[PDB]
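> Just dropping this structure here.
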Amino acid sequence: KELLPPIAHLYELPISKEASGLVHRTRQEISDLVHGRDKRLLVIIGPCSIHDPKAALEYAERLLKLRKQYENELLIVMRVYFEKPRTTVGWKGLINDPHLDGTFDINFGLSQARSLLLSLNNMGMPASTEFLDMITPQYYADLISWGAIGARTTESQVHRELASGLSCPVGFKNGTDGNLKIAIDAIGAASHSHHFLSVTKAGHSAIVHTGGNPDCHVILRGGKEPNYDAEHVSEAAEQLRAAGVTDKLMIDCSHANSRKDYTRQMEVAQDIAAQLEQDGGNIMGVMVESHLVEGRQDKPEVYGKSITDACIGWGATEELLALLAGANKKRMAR
Amino acid sequence: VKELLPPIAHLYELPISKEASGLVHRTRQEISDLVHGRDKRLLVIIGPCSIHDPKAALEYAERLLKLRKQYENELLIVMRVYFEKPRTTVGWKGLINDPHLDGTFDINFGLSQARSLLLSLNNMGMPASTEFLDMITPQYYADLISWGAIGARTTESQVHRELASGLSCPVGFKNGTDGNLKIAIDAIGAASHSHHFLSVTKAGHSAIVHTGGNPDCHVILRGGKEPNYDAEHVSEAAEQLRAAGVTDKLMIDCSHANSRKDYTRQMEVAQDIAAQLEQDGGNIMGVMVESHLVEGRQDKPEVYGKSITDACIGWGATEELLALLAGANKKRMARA
Amino acid sequence: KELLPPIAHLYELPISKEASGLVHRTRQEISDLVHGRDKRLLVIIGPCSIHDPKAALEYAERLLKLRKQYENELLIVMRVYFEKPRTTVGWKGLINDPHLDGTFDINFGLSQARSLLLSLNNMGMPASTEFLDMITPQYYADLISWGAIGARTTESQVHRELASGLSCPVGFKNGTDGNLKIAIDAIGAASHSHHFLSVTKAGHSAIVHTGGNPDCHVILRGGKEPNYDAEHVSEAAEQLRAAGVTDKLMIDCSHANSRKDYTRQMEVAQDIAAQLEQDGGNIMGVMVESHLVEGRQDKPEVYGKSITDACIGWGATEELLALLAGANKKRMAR
Amino acid sequence: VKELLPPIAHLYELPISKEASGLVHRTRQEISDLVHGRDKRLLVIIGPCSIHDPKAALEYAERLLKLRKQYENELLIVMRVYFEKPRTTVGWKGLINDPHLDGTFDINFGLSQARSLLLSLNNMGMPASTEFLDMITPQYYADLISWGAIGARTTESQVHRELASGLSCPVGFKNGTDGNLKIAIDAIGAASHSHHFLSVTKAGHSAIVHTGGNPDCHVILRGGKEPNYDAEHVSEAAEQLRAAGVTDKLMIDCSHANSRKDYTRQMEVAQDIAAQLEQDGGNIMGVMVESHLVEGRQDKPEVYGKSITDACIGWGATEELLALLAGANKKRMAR
Ligand SMILES: [Mn+2]
Ligand SMILES: [Mn+2]
Ligand SMILES: [Mn+2]
Ligand SMILES: [Mn+2]
């Protein structure tokens, strides 16, 4: 029944020295990308949502080899998303409903999330997630190397407040109809200090005073129309410069950029590869929804197959990563 | 720097009176009736963009109470008592977050002052409305609120739909800042359902909460890239509302993007609404107006009764605007 | 550094159906002794203090064989004391300092105590302890079948309040100089309802309203002089009746009744044996300090040997239990 | 059924003033000076057995303040402001536990009232003392306390010795209800050391605390089966204290078992103490007296300024008793 406070989980599942070092390092490297110091491509890649730790670990084992192999061209970090914003109602992810049956066993959800994150980081795979809920971060944020604020929450002051106090770099998605300005505004908000109410590690509400997050950037995830091409990127960088914030940005191959057709993710990646070969100087990253098995399913019957947005399968993932590595290797050669 | 006192500290210093409790209960029911088309009085959510001075707020409430009473057969008047302001980037977030208006963020003081003003307003017979922006502050005052808003910038946010699903007052969801109505329709859907999520108890500890859903949600047309207040936008919205199986009674904001952020054009929007109410106006249950003692705005809190956030109409024009709506709705209610 | 609330421990170490039922039946069975509805003799027996779980489990397994053997004559419940009152300063028990080295790892101490109690009840051995601290009981009282309030705290209003809200029977010891009245007064006070501050399972202070504890009794543990003989028992019983409370009592064979000399416990047990054969109608229980190996030691060097008060070893334990079982079989047959 | 407000609720409504903090700091230091033989003024813990009416307590404090000033070179006068009462069995546990005196246990109001009264006392220039009975309540007002007692019924209790080890005021431990002095000497030992134990924070959450030990503890002679205030008893206690390596400055209660539970005998005891101070009295650092505006006791709070717990001397006898002790100690100090 009762909610265990973060300290209960931190006590049982303390961050290892390995996990700690991988997080600190990956955050700094990503920061270097955000601010143009390094020209590797951040690739945020993996399932739309985590519903099975076993499949997640297997996926991570395969992805780790590509992370190492392409480490001079790409900085691979896995999607380990525990919180899903629904259009109306639906399963909100492993934390809110881990047994996938409407039992809402949130204590078990948080434990499993933390434990998965700990295991990923211990094997050498850094993790990313969307920070949707205001209280759950205390349970796992120490294990996160990069955070997203979703299209649906980028304009929300309470999420900009949250981002302002997070220790990892944060990407803000443009709004669901394509509005980029709200994400530029969000970087501005989140880079400043805020005072607001939040929950401590002991589970009590408190006034927090944050320092601001210097490592925020935008993510182009499509709108009414896709926004991944060179023209959309150029216009975005112009707007970012006029706002006085970093003009290095991330492109989501999924969602409104593939128009909900997982087979178009490769096409968006190819367009990005062509940008990187021609110039692509404003691109610091890409996002990809990828799993062991392609497509999606309503019920969790098939192993390693998404129960939220459809993903590319492992084979296409190998091709997509090869494609970006080769292209960015050329960008970095200039 | 002081730790956060829990809701119980304030609830105990400032308990709700039987009178305030009765006003809130009754006003929420009356509003539910408007939202579901059972009564044809027009809800008018009117008053300052933000509260920054309780004294001016109380004087405003005294003048407004006279009109609330005068027009009570035509209009259901509820004061805007907004304590939480969503900024485009950065800026003063309202009385709770920064009550001394100087960047000292004395939230404990902000919370008691908000609760105390709300209790005084209800005790004088003036019900209160606010935008629920923050996730943890509502436990401190929600017992004193008769109608709530979820702002344009948060209607699409799952955590705000969650919050709404657990509120005991009717809730209006604004269309998005670029005009997207579908998100507010989706929000009614979400907020009408039960949710499980994390929240904070009255003792100040985090907990898992399980809400029952809010059956009294509606949309608010507040403009986008173009205004959306006219008969054609109302008609299109009503269609979409019916297609989604939710109430097709809606509220129209005369301010913000519908006035094009020009306080002098609220009356223009109100005239258009008045005309709709006289011709038909059957899908309109409410209106929103940004009004203060004195018109305009000011960067610093120098002038008494003048907004430090969005520019408002002043008292004289408020009288005219309200008389306009009362007269027009009298006609609508008289029609066979 | 931060104290985990009881709920953290109750979540990791939930009580089993078996342990739950054992605790429930044992409390019931013991209430029947307290109020004179059954004439079996409660025997609270085991180490002065628990300092090693392994030895506690070995002891328990031997004690279980005798609990079964003597179940028609004796109700055997193990001493599992985790909190020790010191005359001045010293080791306060396994909870306060579980590593025995002055590190005070109280979180570990509490989980270790809870886990031991869970294993004991799961093997069929009910447990008893002294409730000394106001905050720790919430972490394990669900696993306790009988509780003591010590000689040094029986007169304390806060301990009487505590006893008033526990769900197990509770014995109050006469005071360290031999005062019986403070224990009689304690039963009165603890049987009534109290309002006082206590800490919830979530770790927050609260006002609790107890219903009172109707299963309290006195324990004769000696004073300036021993108080175990039939003369002292008779005088205690008259005073008990005069206060309107149960005149069934428990006798400690240890502490000041043995003059702090562990061999003398058997002398006291023999004397009680004589009483149960003659009559002994006011006796409902005895307490005995017993370990695998006899004596004491300042350092935990020898396995199964006390580091607090000296205990009788297993050999003598067998003889003491045989003696009481045989004597009480005769009492019960009358 | 209200929930318990945490100490920060009351601290932010009733913050300690500069003047009150100053008086508390000074008084604790001054008493420490007595405990450790740097000053020879006599600490006098004097006032009602229990506080049950703030109006009467404030009137009493105003009278006592005049005397605190008059005798300040001889006596260090501190008011008894006892909020927590240990009962033999059942009964009214005090103003905190039951402030409306009717079994409604309105503990939030009780704590507020206690804190408010203590704040006003310190603000008028009168330092306050109390018995610390409960493990959770001290956080609400300990900052306003200049001297604390651990009662005879808890001096042997480990949880109370732990509490004492973390308090920032001097603490007196009473001998046992039957006359045992060893338990109080043992308690000073225990309380002088660092402890790790569970306690509650200002925010209302349980926590492990690590105390630094209380170097300012001393014993209180309060009688047992027989009274223990005379020179022979003082001398025997002093020897035992020196044998245990702890301060041999002690306090003598004129009330309770040393007066054989009879309020008219408190003067008898103070007379005896007065002669000890004139002859020698080098081990006596203080005394306790149960005093109110009007003498006696009463079961119902009918008469203003009259005890409803133990019987007290009235204001007239209080003036005489304090004159006595001041006169006698003036001579001790001059030797
Ligand atoms: Mn997705
Ligand atoms: Mn506004
Ligand atoms: Mn022992
Ligand atoms: Mn008294």
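Chains as they are written, first to last, in our numbering: chain A, 1121 to 1454; chain B, 828 to 1163; chain C, 1121 to 1454; chain D, 3 to 337.
Ideal placement from N, C-alpha and C gives every residue a C-beta, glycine not left out.
#1: Thinking C-alpha only, which one of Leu16/D, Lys333/D, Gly329/D, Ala336/D is nearest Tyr73/D?
#2: How about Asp1137/B: is its Cβ closer than 8 Å to a heavy atom in ligand 2?
#3: CA-CA distance, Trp1211/A and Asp1217/A?
#4: Does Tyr306/D pass the burial test, meaning 16 or more other C-beta atoms within 10 Å, or should it be called exposed?
#5: Quick check on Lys829/B - is its C-beta less than 9 Å from some C-beta in chain D?
#6: With a Cβ-Cβ cutoff of 9 Å, do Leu1240/C and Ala1176/C count as a contact?
#7: Could you name the residues of the stretch 120 to 149 of chain D whose beta carbon sits closer than 8 Å to any beta carbon of chain C, in the order they occur along the chain?
#8: Assuming the contact rule is C-beta atoms closer than 8 Å, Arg224/D and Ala189/D should be a hit. Round their C-beta distance to whole Å, please.
#9: Which of the three DSSP states is assigned to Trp94/D in this structure?
#10: Give a yes or no on whether the minimum CB-CB distance between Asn182/D and chain C is below 9 Å.
#11: When you measure from the CB of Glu297/D to every non-hydrogen atom of ligand 4, does any distance come out below 8 Å?
#12: Quick check: does the Cβ of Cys1168/A come within less than 8 Å of any heavy atom belonging to ligand 1?
#13: Following a CB-centred definition, is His1037/B positioned closer than 8 Å to any heavy atom of ligand 1?
#14: Counting only Cβ pairs nearer than 7 Å, list the residues of chain C close to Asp188/D.
#15: Name the residue from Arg855/B, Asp961/B, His879/B, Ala1101/B whose alpha carbon lies nearest to the alpha carbon of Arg1124/B.
#16: Using a Cβ-based criterion (distance less than 8 Å to any ligand heavy atom), does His1083/B qualify as near ligand 2?
#17: When you compare the CB of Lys204/D with every CB in chain B, is at least one pair closer than 9 Å?
#18: Kindly give me the distance between the Cβ atoms of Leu1162/A and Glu1193/A, rounded to whole angstroms, as I take these residues to be in contact under 8 Å.
#19: So what's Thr1004/B in DSSP terms, helix, strand or just coil?
#20: Could you spell out where the beta strand (DSSP E) holding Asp188/D opens and where it closes?
#21: What residue does the beta strand (DSSP E) around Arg907/B start on, and which one ends it?
#22: Determine the direct distance from the alpha carbon of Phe1292/C to that of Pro1334/C, and round the result to whole angstroms.
#23: Ligand 3 and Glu1409/C: does the residue's C-beta get closer than 8 Å to at least one heavy atom of that ligand?
#24: Of all Cβ atoms in chain D, is any one closer than 9 Å to the Cβ of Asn1110/B?
#25: Judging by CA-CA distance, which residue of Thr1207/A, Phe1228/A, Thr1208/A is the nearest neighbour of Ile1215/A?
#26: Taking its Cβ as the centre, do 16 or more other Cβ atoms sit within 10 Å of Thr266/D, making it buried, or is it exposed?
#27: Quick check: the stretch 1424 to 1438 of chain A against the stretch 845 to 858 of chain B, are there 3 or more CB pairs under 8 Å?
#28: Answer yes or no: does any C-beta atom of chain A fall closer than 9 Å to that of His207/D?
#29: What residues from chain B crowd round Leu113/D, counting only those whose CB sits closer than 7 Å?
#30: Between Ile185/D and chain F, is there a C-beta pair that is closer than 9 Å?
#31: Cα separation between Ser1021/B and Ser1276/C?
#32: List in chain order: all unbroken alpha helix (DSSP H) runs of 4+ residues lying wholly within the stretch 1024 to 1100 of chain B.
#33: Between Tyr968/B and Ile1127/A, what straight-line distance do the alpha-carbon atoms span, to the nearest angstrom?
#34: Show which residues of chain D have a CB atom less than 7 Å away from the CB atom of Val1290/C.
#35: Find the residues of chain B that neighbour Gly1308/A, judging by a C-beta separation of less than 8 Å, and give them in chain order.
#36: Any beta-carbon of chain B closer than 9 Å to the one on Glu15/D?
Taking the definition as stated:
#1: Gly329/D
#2: yes
#3: 7 Å
#4: exposed
#5: yes
#6: yes
#7: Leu135, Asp136, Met137, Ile138, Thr139
#8: Between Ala189/D and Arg224/D the Cβ distance is about 14 Å, and since that is not below 8 Å, they are no contact.
#9: coil
#10: yes
#11: no
#12: yes
#13: no
#14: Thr1207, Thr1208
#15: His879/B
#16: yes
#17: yes
#18: Their Cβ separation, rounded to whole angstroms, is 11 Å, which puts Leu1162/A and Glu1193/A out of contact at 8 Å.
#19: coil
#20: Careful: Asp188/D lies outside any beta strand (DSSP E), inside the alpha helix (DSSP H) at 184 to 194.
#21: 902 to 907
#22: 13 Å
#23: yes
#24: no
#25: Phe1228/A
#26: exposed
#27: no
#28: yes
#29: Under the 7 Å cutoff, chain B gives no residues; its nearest Cβ is about 12 Å from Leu113/D.
#30: Given the protein chain composition of this structure (A, B, C and D), no chain F is represented.
#31: 49 Å
#32: 1058 to 1070
#33: 30 Å
#34: None at all; the shortest Cβ gap to chain D is about 16 Å.
#35: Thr916, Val917
#36: yes
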